[PDB]
Structure formats: structure tokens, C-alpha cells
């Protein structure tokens, strides 16, 4: 069941979280946080900047010192702590989901069922890895005993976006902590509030001070202080390709910190004429429209084989007209607002470009309401590869439908992008399913489905969609630093 959301939320956690204590910003500045459905201020939060980040990094470094409680505790106890944290998220699920919906413009039933469910599941999966991260014993040449230690990397700076604020917060801290790292988290300026609530739960669960620090504030201030910091070992970032470039450059200029990036996409969804059409229409539809289009994996180039194209367009348009826009806390609302004015204007501008460049506007194409950042769900057909709406990540409720005839051509077109996050293929042909998935330059390839993301699966981009993977076995190994130890012995035996 989905309970009724709370209303009249009273805010409590508005400060910078360092060493399990709440701090005012060093400057004393605060910044306002808004509800994108109503444009009203929810509260004000302490504005972290470089001086706040430096305090947080000193805390994280101290907590990582050899002999500290976090370095010496059993790996199994790191697991127990993560599970305790998941129990507290379950206890606080209704508050968190309400908060996430209010601050994120996110449909409440989705926040409650999907986001919060994924948050719990992600932590449970992470908890289970803690005492199963292992090194090796290695049959090296000569009279030596050699082993490796899978150590934590150290102090990990973690910068996250506004589209799945709580889920992304846990995607970052879960694996990092499971592996024994300490962290400095920088939530999006738009969406700090669930992250700050999580500070109280981290303390309550019993994590040692300085293992998680949380610095709300802006990007080129707090975020950039993290990327350039000379005592941050690793930075992990989810957001725009443009900012990912700045982060990698900053890492280079400063201390060569390790870098992982998940960056967004222009993911192709390929529907062959032999596909189950009912299934493909719905998955491709949800695949681009989910959370008002504000998903890195959005199926924002829908390639449909010529013989089924007109029918696929007709059904896709029909499907896009079935939404009720409004406050995402209101029962019956099936589409909320975009996050803020910047994203709103970016989308409208891209919609305008589609009209100007000759795409066929099938429905929507304009704003809705007299408050909040609402945009009518929009479908364009007869989209061609050179159009802005075919090239640029829109991050709004805007679907592009394109035709193809040749298998070789559609693979080429699908791969002809600097992005590489995900892709979908719809076919009943075994050979196409395997060979087309092998040929697509995308990190995750769905076959006869879309948007299926689990904690057990590694997730991340090819090309400019990202560096590294998150979650799964592979993700974890990347919050470790490998040390080889080679001991001379009188005589080795096999």
C-alpha cells in the first residue's frame, strides 16, 4: 500500500554535518531550498564553501588514520552498520519519501515505492559485500610469498545531482563505506534535505565520527573545493558531462586523485519489426518519460523499423496524452514539475529547436499551469540525426522518434554519439538480441525491456557517459586500492 504523504513538514536538519555534529557555515551564509511544484521556500540551509569542505576533509582523513575505530573494526561490523542504516531508512520511509517528493518535484508514490525501496535494497546489497572484499595470494616467480590487500582508497569526495537525491546519496556512500572508506558528500544545491536527514541516521546507526561528512552548497564553490582538494584521494561524480570534464581536469591539476564519473546520455532504443509492439511501446514510453524525463538513461532516441514506424508513432502519441500534471503529492497526479527554472528554460529551448529544425510536433510542446515548472509531455516524430533534439540531452518530457531500414545503419546511427550510457533493443530474434547488444557502444543494454537497474548489476557509461562502474561486484572493487606485499622466504612450495 502507499500511505498518504505528510504535509506541513517541519524541517530539522539544515546544517553542515562534520564529525557527527551539525555546524553553521564558516561564512554564516545560508541558501534557500524550494518546492518546484509550488515555487515556495521549504527552508534555508547552511551554505558550505571551501572553508567548510576543508573541515570536512580533515574529519574524514582523521577517521581514516591507521588505528582509528573505522580502520580497525571488523569488516563484518561495517556490514552490520550499513544494515542498521537501512533499518532506519525503513523506519523513516514515509518522512523521507514525502521530503523527497516536496524538494525534488518527484511523484510521491514513486518516491515511496521506487526511490525509497531502491535506497533500502542498495544498502542491503552493500552491507553484504563488506566482509567479502578479498585480495589474493599469488604464485610469483622466485622464493617469495606474495599477497595483495584490497585496501580502501581513503578519503572519497562524492558530488551528486538533484534527480534522485537520496538514491544517489546511498549509491555513493553504500559502496564506499562497505569497502572501508570515509567520505565527504556534496548534495545538489537544489536538493540537500534528504541527505541532511541521512546525517542524523548515520549518527544514530553508530558510524564513527568523520566516516560520513555532508557539505551542502553550490557547485563551483563546495564541489570544486572537493575536486581540487590536495587531500582527497578519490572523487566520484554524477551529473552533467560539462561538469565531469571540469572535475577530471581539476583532479589532474591538483593531486591526481582517482576519478569516477557517471554522466548522462542520449540512449538509443531500437525497435525491430519483429518485436512485440505492445511491450515495446510501453517500455520505450516509460524509458523516456520517467520522472519528467530527468533520468540519465532516458530513451531519447527511439529508432523504429520503417514497416512499423507509423503505427509506433501513433501509439506513442496516444500514450503521451494520458497524464495529469500537478503537485506530485496530490493523489491522481501522474506528472510533476521539472526541478528548476534553468532546466525548464533548457527544455523549452530544445523544444523550440525541434520545431525550427523541422521535426514533426505530435503533441505537447509548451508549458502548463501558472506556478511551478511544468512542461506538457511532448512527442516529436520524423526526427533526423543532425537535429539538436537528436544530439543533446534534453532532460525533460520530450520523446524523439526516428525511422530506420537497415540493421547495419541503425547500429551505426545508435553509436554515432559521444554518449554511451545505455541502450535498448526490442526483437524476437535470438541472433539480433546477442549480436546487436555486443555491437552497441553502451554500458547497459536492455533486451525487450528498459530502465531495469538493480544493485547486483554494474552500472555506468562508455565514452563520455562515464568512467568506471557503480554497484555490482565490479563497482565495489573500485572503492579499493590494491597493495602488493612480497616477502622473501628461504624456499617456496606450491
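Numbering follows the first chain given and starts at 1.
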Per the PDB entry, mean CA B-factor is higher for 302-310 or 90-98, namely for 302-310
On mean Cα temperature factor in this entry, is 36-44 or 461-469 the higher one? 36-44
C-alpha B-factor winner, where the candidates are 204, 77, 386, 233: 386
Sorting 208, 239, 377, 420 by Cα temperature factor from the record, which one lands on top? 377
Lowest, middle or highest third: where is residue 169 by C-alpha B factor in its chain? lowest
Taking the C-alpha B-factors as the PDB entry records them, is residue 444 in the lowest, middle or highest third of its chain? lowest
Name the third of the chain's ranked CA B-factors that contains residue 137, choosing lowest, middle or highest. lowest
Entry-reported Cα temperature factor of residue 50, expressed as the chain third it lands in: highest
Residue 403, C-alpha B-factor rank within chain (lowest, middle or highest third): highest
